[PDB]
Every structure is written in structure tokens, then in C-alpha cells.
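Here you get one chain, nothing else, as C-alpha cells; it is the form deposited in one PDB entry.
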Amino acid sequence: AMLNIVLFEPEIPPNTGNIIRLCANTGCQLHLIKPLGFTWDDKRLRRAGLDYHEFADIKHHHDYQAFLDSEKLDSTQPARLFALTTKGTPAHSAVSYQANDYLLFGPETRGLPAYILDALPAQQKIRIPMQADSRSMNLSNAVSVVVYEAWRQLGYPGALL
């Protein structure tokens, strides 16, 4: 894959719909780690405005370990997996992205759990810069920012020129 976008237990349906469209438009592979916070239904997805090809090839994983095992990533410390957390060290734009990187995002109302984050090196925990005393960014907006920054760094391979 060019980039792998990984949603851990996403909760709010329109964020995931928007992220499906994002991934389709940019050539990224989407991964969804269950449980989802909303019902998953091809008819709802079609009703939302998505075409079959935009969702058909999403990789679905029954838990985090299943994702790691599917992608042959080390559980002690997965390589080239960057987790979005307001408690991260480097800005999302301060990392140097590579093809096939994994971009991990937590649920809207919780973020990623400590068992995940505490296993990752500081430089694999990325933060989207915000002013002092900010509030929660919309998840699909956050994912879009990180994806487009990564894709920019890669020179937008696959973009129509």
C-alpha cells in the first residue's frame, strides 16, 4: 500500500464515511479495527454517497492484534506505525513519511488506549499542532491533515497531474 490508514474502534458514522472517500481519492488503504460504534451496512454506505469500489477493499480486523498480525507488524513495537495523540511529541509534519506507512487513529470520544500508545516510541506518536486551550478536532479532518501531509512528502504519487 502507498499509505495505510487505520481507525481503531471508530464511533461516529459520518467520520468514517468521509475517511472512506478520502482514502479512495488519495489511493490509501483503509483498515477498520472492530468494534465499530455504528452499524456497518453496504446500503447505508451507498446512501451516504459512496460507490462500491470506495469501500469494497477496506481491510477489517477483529481486534488490534489481528491488525498487527495481518500486516506482519511487531507487537512489542510496530515499525512505521504512527499514532495520532494529543500527547505525542513530533508534529505530524515533523515525521518523514514513507510508502506503506501506517497511520493509526483512535476513537472520537477516547483516543487510543494506553496499552497501544505506551508500546510505541515517542517519535511514533504524532500530534496535530493546535493553539493553547483547544478542543477536539473532528476525526475525519484530522485524518485528512495527516494523510495529505504524508502524501505531500511523498510527492503525491498517483495524483492526476
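Residue numbers here begin at 1 and follow the sequence given.
Enquirer: Check the entry's C-alpha temperature factors for 107 to 115 and 30 to 38, then say which stretch has the higher mean.
Expert: So the stretch with the higher mean C-alpha B-factor is 107 to 115.
Enquirer: Mind checking which third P121 falls in for C-alpha B-factor across the chain?
Expert: It falls in the top third of the chain.
Enquirer: Lowest, middle or highest third: which one holds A48 when the chain's residues are ordered by CA B-factor from the entry?
Expert: According to the entry, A48 has a C-alpha B-factor in the chain's highest third.
Enquirer: Please rank the C-alpha B-factors of the chain's modelled residues and tell me whether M137 sits in the lowest, middle or highest third.
Expert: According to the entry, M137 has a C-alpha B-factor in the chain's highest third.
Enquirer: Looking at the entry's B-factor column for C-alpha atoms only, identify whether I5 ranks in the lowest, middle or highest third of its chain.
Expert: Tercile = lowest for this residue's CA B-factor.
Enquirer: Split the chain's modelled residues into thirds by Cα B-factor; is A79 in the lowest, middle or highest one?
Expert: CA B-factor rank for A79: highest third.
Separately, the form solved in complex with a small molecule exists; it is not shown, and the next lines address it.
Enquirer: Tell me, yes or no, whether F105 is in contact with the small molecule in the deposited complex, where a contact means a heavy atom of each within 4.5 Å.
Expert: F105: yes, in contact with the small molecule in the deposited complex.
Enquirer: If we define contact as a non-hydrogen atom of the residue within 4.5 angstroms of the partner, is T109 a contact of the small molecule in the deposited complex?
Expert: So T109 counts as contacting the small molecule.
Enquirer: Would you please decide whether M130 lies within 4.5 angstroms of the small molecule in the deposited complex, comparing each non-hydrogen atom pair?
Expert: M130: yes, in contact with the small molecule in the deposited complex.
Enquirer: Hey, in the deposited complex, is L84 touching the small molecule, heavy atoms inside 4.5 Å?
Expert: Contact check for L84: yes, within 4.5 Å of the small molecule in the deposited complex.
Enquirer: Quick one: find which of 132 to 140, 93 to 101, 33 to 41, 62 to 70 has residues within 4.5 Å of the small molecule in the deposited complex by heavy atom distance.
Expert: The contacting stretch here is 132 to 140.
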